[PDB]
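Read the numbers this way: they start at 1 and go in the same order the structure lists the ligands and their atoms. Throughout, protein chains are lettered first and strands after them, A, B, ... in sequence-line order, and every chain is numbered starting at 1.
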Amino acid sequence: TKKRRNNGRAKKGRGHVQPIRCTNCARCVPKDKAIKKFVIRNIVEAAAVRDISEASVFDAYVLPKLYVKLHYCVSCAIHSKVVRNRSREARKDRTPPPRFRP
Amino acid sequence: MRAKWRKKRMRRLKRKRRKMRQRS
Amino acid sequence: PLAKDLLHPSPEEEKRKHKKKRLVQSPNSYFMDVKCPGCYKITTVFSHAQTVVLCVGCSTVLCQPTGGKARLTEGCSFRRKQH
Amino acid sequence: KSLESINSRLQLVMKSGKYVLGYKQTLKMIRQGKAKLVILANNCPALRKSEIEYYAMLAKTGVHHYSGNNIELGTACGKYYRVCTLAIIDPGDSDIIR
Amino acid sequence: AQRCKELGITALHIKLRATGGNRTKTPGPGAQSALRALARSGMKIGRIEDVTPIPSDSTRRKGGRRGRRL
Amino acid sequence: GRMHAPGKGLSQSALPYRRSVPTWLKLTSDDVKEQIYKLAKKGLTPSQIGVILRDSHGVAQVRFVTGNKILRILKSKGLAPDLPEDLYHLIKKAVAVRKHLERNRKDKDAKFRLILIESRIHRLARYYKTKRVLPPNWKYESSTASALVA
Amino acid sequence: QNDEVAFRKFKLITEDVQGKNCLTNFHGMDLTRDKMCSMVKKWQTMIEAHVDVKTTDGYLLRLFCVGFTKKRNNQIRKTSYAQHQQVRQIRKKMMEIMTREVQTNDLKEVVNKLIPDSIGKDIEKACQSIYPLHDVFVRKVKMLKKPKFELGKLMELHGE
Amino acid sequence: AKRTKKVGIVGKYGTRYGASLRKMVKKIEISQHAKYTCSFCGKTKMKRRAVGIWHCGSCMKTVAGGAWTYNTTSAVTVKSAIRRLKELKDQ
RNA sequence: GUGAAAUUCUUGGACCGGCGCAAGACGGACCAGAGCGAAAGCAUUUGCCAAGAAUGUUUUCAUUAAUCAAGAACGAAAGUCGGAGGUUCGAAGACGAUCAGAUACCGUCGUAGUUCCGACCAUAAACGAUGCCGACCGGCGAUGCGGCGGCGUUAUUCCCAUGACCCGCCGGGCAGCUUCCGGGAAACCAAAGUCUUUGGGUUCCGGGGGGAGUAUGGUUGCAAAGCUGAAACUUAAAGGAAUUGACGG
Ligand SMILES: [Mg+2]
Ligand SMILES: [Mg+2]
Ligand SMILES: [Mg+2]
Ligand SMILES: [Mg+2]
Ligand SMILES: [Mg+2]
Ligand SMILES: [Mg+2]
Ligand SMILES: [Mg+2]
Ligand SMILES: [Mg+2]
Ligand SMILES: [Zn+2]
Ligand SMILES: [Zn+2]
């Protein structure tokens with residue numbers, strides 16, 4: 001049975017999509033199929049922000065960010081729990097989970 | 001078996017058969 | 001709508017429809033009289049002209065071809081032909 | 001666009017104007033003073049090219065150096081032989097501006 | 001930090017580096033603890049920057065097209 | 001749908017229902033005939049003659065104003081082209097593709113386009129020989145066609 | 001610089017040492033990693049240009065420029081993608097207005113005018129009529145050749 | 001009629017020397033004995049005289065070329081590269 | 001380097017940091033259920049060369065058209081031949097681990113290959129597991145290109161053009177959401193609808209599961225192999241979609 005209408009990928013009007021390597025296991029995954037997470041993390045932990053501020057020679061020093069784009073095969077994506085299996089009707093929606101700001 | 005490996009086994013047997021027949 | 005009058009559509013949707021898909025084919029283009037400044041004569045120019053139209057009495061260009069409509073040079077007046 | 005323009009104009013010189021094909025006839029027409037344009041393939045020998053240029057300068061007529069060769073000039077003329085030099089007696093098609 | 005202090009160095013610029021290349025770009029677990037230990041040991045901290053080697057594009061990453069099966 | 005493309009475009013010309021000559025058109029039939037004669041002397045194909053006539057001189061349809069089509073007028077006067085316009089242009093395109101191809105052997109896309117163009121050429125030539133516009137023994141050869149176009 | 005931006009760095013290679021002082025000269029500039037990675041965002045087109053240009057005094061420089069299409073404040077569409085002709089015209093424009101800030105002047109007044117990235121700012125001003133750009137900078141310059149290292153030039157660059 | 005199915009010019013070698021060697025020498029011999037269009041006079045009379053020497057019978061022009069072909073791809077790329085380096089060298 | 005190790009490199013300065021040099025690959029992020037191409041496939045800049053869809057058209061010809069046995073062009077990757085090149089990765093192979101065994105999964109090394117040109121091969125889950133041309137049959141919001149019409153903002157400029165947004169309409173596309181149109185065994189599909197109320201044109205092709213895409217014959221190929229392709233015999237099921245339960249390192 002056809003599990004997904006888009007066959008688990010975003011390739012619609014293409015013949016071939018270039019492959020990428022999974023950041024976890026270095027598997028060749030098509031670019032439109034791999035799970036992408038753009039992590040924007042503070043370069044220091046939240047426990048150490050105060051200590052770096054104390055030890056800084058500057059007063060108004062903004063801590064730099066760390067920009068990394070991650071690609072996962074669905075095997076590593078499921079095993080690392082970034083994505084989870086969902087019900088038949090719950091597979092259909094594409095809304096990303098909310099940021100949960102408060 | 002996996003169908004691909006049955007195909008490979010069949011190809012090996014076919015080359016052996018061709019070699020036997022050509023030997024005559 | 002099950003009872004849309006296909007015989008007598010109002011002119012608004014008659015205009016918005018494609019030239020071929022109207023009830024009767026009607027071209028979107030027309031003809032115009034172009035007045036060149038500094039000149040007296042009148043040249044009839046196709047609205048969707050594909051060629052650079054020139055005055056025969058003055059070495060001046062009237063319209064420049066574009067994708068859909070010829071673009072008139074500035075300072076030139078134009079009117080319609082029988083609507 | 002220049003090459004296709006000169007090829008089309010050369011085609012229209014044929015079938016509508018008086019031309020002449022070849023070296024000896026070109027020189028004959030030039031020294032009679034009725035050759036209004038001389039076209040030279042770049043395959044032409046340098047001595048022949050220079051001599052025809054001098055003849056044209058004496059006759060005060062234009063020389064165009066065709067961006068082809070004798071094979072391609074022959075094809076542009078619509079013939080199935082190589083022509084290396086040609087003259088136009090009268091274009092009839094505004095290749096030669098009045 | 002104590003070696004730098006006994007050689008008369010008081011402040012440090014920081015250049016965090018991951019493995020880089022075609023391999024991972026995430027810094028290891030030791031970056032946070034190393035930087036925090038530098039900060040709390042009296043050493044002053046200046047500019048901090050990521051200097052991970054990022055290829056404009058790299059050679060083929062090791063493991064094969066099926067990756068690391070585990 | 002297109003003959004050799006998977007295109008299904010609709011871009012056409014919508015000829016108006018009024019076949020009558022506009023009242024503001026002062027040019028008579030003989031005037032338009034003489035204009036077509038001059039533009040044919042200049043070397044313009046009937047498509048270009050129609051384009052120039054419509055763009056500048058305001059004539060909507062040469063057939064509507066003269067009663068004859070442009071190619072009919074040229075053929076009656078006796079200066080129609082030896083080859084039909086569209087077949088001439090297709091042979092020209094094939095010659096251009098061949099000239100590009102003999103310098104670029106790896107352009108297999110150009111080879112495919114050349115095959116498509118020559119198939120169109122052969123179909124159109126078969127049609128013209130059916131209508132006896134072309135001689136019954138007329139044939140398009142790749143080698144000798146370059147002397148016919150441009 | 002006393003109060004300038006902090007995402008810009010300089011190379012400043014050392015040529016001559018006299019006494020206990022190492023005297024430097026310009027070698028190249030570059031943006032920081034965090035700023036560059038923050039500038040690159042989805043649903044927008046970035047234009048990258050480079051040009052090898054020789055200064056009046058013989059320094060050869062490879063200037064790299066980046067620019068990102070800016071969405072309007074009232075724009076509803078998710079993406080701001082420039083067409084290929086627009087990107088090509090922007091690239092050509094910002095190559096020919098990096099050439100002229102280098103060809104007609106010395107290295108010193110090139111360096112002091114790329115300190116506030118005036119070249120990138122006027123590039124941003126010049127491309128508004130094609131497609132708006134917001135993050136325009138000289139991303140990188142690298143020293144390709146140096147002219148024979150005259151000591152007098154180095155000392156006047158340091159001193160007066 | 002067609003006299004040979006596939007050997008063509010190397011049918012003179014009979015059954016000797018091996019099929020692959022005959023196939024390898026076939027295109028070399030075809031290019032060796034072919035007549036190329038002269039780039040000076042336009043006639044197709046430029047034929048090999050000795051190894052590396054190509055002579056046109058019409059204009060009596062002798063050109064130094066490849067061993068079996070009139071010009072080698074190596075030499076063509078070299079000529080293009082030398083042209084580019086010349087136009088780069090001057091300004 | 002790993003789960004842990006070990007093979008391996010290391011006072012001969014290994015790893016690390018700096019400055020350069022060289023080589024061959026690869027073109028991140030921008031990169032999207034976006035574009036183009038007959039498919040395969042195509043992502044650094046610039047230039048050249050031809051080509052093409054869509055749009056605009058009151059331009060031309062006037063049925064020239066659709067599908068197509070035979071035949072022909074192209075055809076991922078792997079594979080073959082010849083010439084260059086060989087950085088990384090890495091079939092084979094060697095070794096270290098793990099294990100009851102481990103010819104594997106993990107690690108180190110590493111040949112062919114992977115890169116370019118030239119010539120073969122013609123196969124992929126070559127997939128949308130879904131022939132092409134044409135007509136009709138719902139709605140909605142987007143998006144790519146072309147065109148047309150509009151309050152306004154914006155760029156220079158003195159104003160219009162022209163760009164960038166905003167609002168619409170049309171035409172062709174990549175798609176999406178929704179719907180008791182309708183169909184279907186259902187999953188689902190606006191096509192897989194307009195089908196017992198059965199006929200728009202046309203091509204290929206299936207007839208229970210195996211034997212078997214096998215044997216043999218023919219034909220193509222350097223080879224590997226490709227195309228065409230049975231029978232004896234055997235078997236009462238094999239399968240598809242959904243439901244409940246059981247189980248899941
Ligand atoms: Mg399943
Ligand atoms: Mg595919
Ligand atoms: Mg697993
Ligand atoms: Mg291949
Ligand atoms: Mg080889
Ligand atoms: Mg290795
Ligand atoms: Mg049919
Ligand atoms: Mg059966
Ligand atoms: Zn993975
Ligand atoms: Zn010769």
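- For the Zn ion (ligand 10), the nearby protein N/O/S atoms, meaning those under 2.8 Å, are H:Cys38 SG, H:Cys41 SG, H:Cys56 SG, H:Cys59 SG.
- Side chain to side chain, H:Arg84 and H:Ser80 fail the donor-acceptor criterion of an N or O pair below 3.5 Å.
- No more than 12 heavy atoms of other residues, nucleotides or ligands lie within 6.0 Å of NE2 in A:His79, so this atom counts as exposed by the packing criterion.
- Side chain to side chain, F:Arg98 and F:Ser142 meet the donor-acceptor criterion of an N or O pair below 3.5 Å.
- Heavy-atom neighbours of H:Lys47 NZ from other residues, nucleotides or ligands within 6.0 Å: at or below the threshold of 12.
- A distance-only check finds a donor-acceptor pair linking the side chain of H:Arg48 to the backbone of H:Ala67 [under 3.5 Å].
- Between the side chains of D:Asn43 and D:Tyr66, no donor-acceptor pair is found at a separation under 3.5 Å.
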